[PDB]
Structure formats: C-alpha cells, structure tokens
C-alpha cells in the first residue's frame, strides 16, 4: 500500500462545483478586494468569535504587518520559540525586529517558564506559536505579558479553529495570524494570510496598509504595501470552509486513535500530553520516537509518506548564525530534531490506510526492525 501525505488530489477531486463557482465569479470581474473577500472575512472572523478578519497576502506577511501596526521594528526584540517553522522567525526579521528564542515544552509549544529569563529592555512582544495545531499556554503567557507590559501576537498559522475552552485563538494577542496556503485544514489554491483582531482601529489601519495606504483611488493617507488576499481565492475558501469544522474534528479523531494505538509502546513512542481544555487542531501529527531515522526509512519502504517537521532547529539554521546561539541552548528543540516523525493523519485517509499506518508503526518496534 502507498499512503499519501498530501490529500489535495482527493480533496479537490470533486472539482466541477469549484469551477462552476469560478465560471460565475469571472463574469463579475471582481478581482481586487471584492465582495467575495468581504464575505470570506466575515465568516472567518465569526469562526473565532472575533469582530474583524483582514485577508492579506500570506501568513508570514500577516505576522510582519501585525508588528508594523504595533510599531515593533528596528531596535526591538520579539520573543518566540526555537521550535517552529522558519516563517515564524522570518516574520520578525521582516518587520526589522530582533528575534529572541526560548525552548519548547512537552507539546511542541513555547515553554512559559522560560520566557521571563529572555526578557530585556528591548523586548516589545511575545509571539507564541500554536505549533502543530497545539495551543500555547495563553493564560500563562498573558500573565507574563501583562507583568512586563509586552504585546502579544499569536502565530496561529497552523491553527484555524484553535481554542482553549471559552476562548478562541486571538483572545489574548492584539492580533492572531493565520495561513490558507496548502496544506491547511482550510486551504485555497495559492498563498493567502488572515489577521484577526478585536481592535476597530487596528482593523481599519490594516485595511489601509494592505492596499497602498489608499483610502480611495485618489488619496494615499500613509505609505502602505500591496498585500491583500485575492478575491478569487476567497471564492475557493468560501466553498471549502463549508467542510472546515468536520475536517478539523475528524482530524482530531484520527489523532486520538493514534494516541490510543501507541499507548502501550511508551518505551519507543512518546505521545505528547494533551492539555485539558485545549482544542488542538492537529495540523500535523507529531511523535517523538526511538530509532527515528530507522523507523522513517522503514515506513517509507512500506509505502507510507512520513515526514520530519523538522530536523534542524531554528537556532541551528545557517540563517540564525548571527543570533549567537549554540547547540545545547535549547535541549527540547534539539531533541525534537533528533526524535520527531510526522504520520499522515488527514481526514481524507481511508480506514484501511489509517489501520495500515498503525500496523506498520507497531510492527517496526514489536518485530525489532531497529536491530
């Protein structure tokens, strides 16, 4: 059996309804900041019980633009996690700020107990990453931010529908930033980002900033950039998001089945603790395992498209050299690169495929293929 990591071919196999939507959309020629984009934004904001969503060019830009709104840039420090995707740190640098790294904890998110030690006179914000779809410990982070007068920007680019009990992501930061770039639980056919905020003023400012600072075709009130989400992609999003809630819950269901299927293999497989009240959206299903390289080769040889997210931690990337960190600074993020593997875990998998993955993972260890 070959079990694909990507579900895109399956997800968009029933293609005609999308093409039909496009056929009608093209007649309107409403390509730029059009009605469909506003429709999308209102639905997306509502999903997170927030008053405003602003569609922008990419998730990375969403983060950088959030820092711009907060006047965070040259000479400022932004604390984030050493265990994350490059764009998290890239966005800080794009804004002109200096990224400062803190280790992760049991569930791949920023360790709240390690944040204060990293605070300096230059710190202006904390940027927790809701990494793998897990939600950072926001009440703890909010407490720290309040104590030190710091802004929070939530990197939710893997975390549409993320929530802790009564509070959706976006409840704590001035901004929460998301991505619709495939793959995501809600993905369009290109790059796209979204900023949500509860601030009327910041929402208005962002709508100017994403569109050259133009308040109308004749007047630019303040220099801005060209960074808006495409109206035509909002067409795609508006159809797919009809399935967003079901996609996300089914993905959680698969993750739970995996958690249960490996519970007796704690000698070989470390399943992260699932924190109470935390609606982990399982963007990816990541385990820490023994003999990781060997397991990876084995599963691949058996047709399962496993991946590693990611082998080289932020502080060990060539781009990060000038930050001055060294191997040993971030033990959790370092062990992560050595130990993690990601299993295909998307809701377009068949029951047979999911069972096959479980069988092969167990078999590797039970039959001692590591020897």
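Numbering follows the first chain given and starts at 1.
> Looking at the entry, does 30-38 or 54-62 show the higher mean C-alpha B-factor?
Replying inline: Of 54-62 and 30-38, the stretch with the higher C-alpha B-factor average is 30-38.
> If you average the Cα B factors in the entry, which is higher, 208-216 or 116-124?
Replying inline: For C-alpha atoms only, the mean B-factor is higher in 116-124.
>> Given 243, 106, 132, 197, identify the residue with the highest C-alpha B factor in the PDB entry.
In response: Among 243, 106, 132, 197, the highest C-alpha B-factor in the entry belongs to 243.
> If you check the C-alpha B-factor for each of 91, 110, 232, 140 in the entry, which is highest?
Replying inline: Of the options given, 140 has the highest CA B-factor in the PDB entry.
>> For the chain shown, is the CA B-factor of residue 292 in the lowest, middle or highest third of its modelled residues?
In response: Its C-alpha B-factor belongs to the highest third of this chain's values.
>> Based on the deposited C-alpha B factors for this chain, I'd like to know if residue 47 is in the lowest, middle or highest third.
In response: Its C-alpha B-factor belongs to the highest third of this chain's values.
>> Taking only the Cα B-factors deposited for this chain, tell me whether residue 315 sits in the lowest, middle or highest third.
In response: According to the entry, residue 315 has a C-alpha B-factor in the chain's lowest third.
> Looking at the C-alpha B-factor of residue 337, is it in the lowest, middle or highest third of its chain?
Replying inline: Lowest third of the chain for residue 337's C-alpha B-factor.
> Sorting the chain's CA B-factors, does residue 144 end up in the lowest, middle or highest third?
Replying inline: As the PDB entry reports it, the C-alpha B-factor of residue 144 lands in the highest third of its chain.
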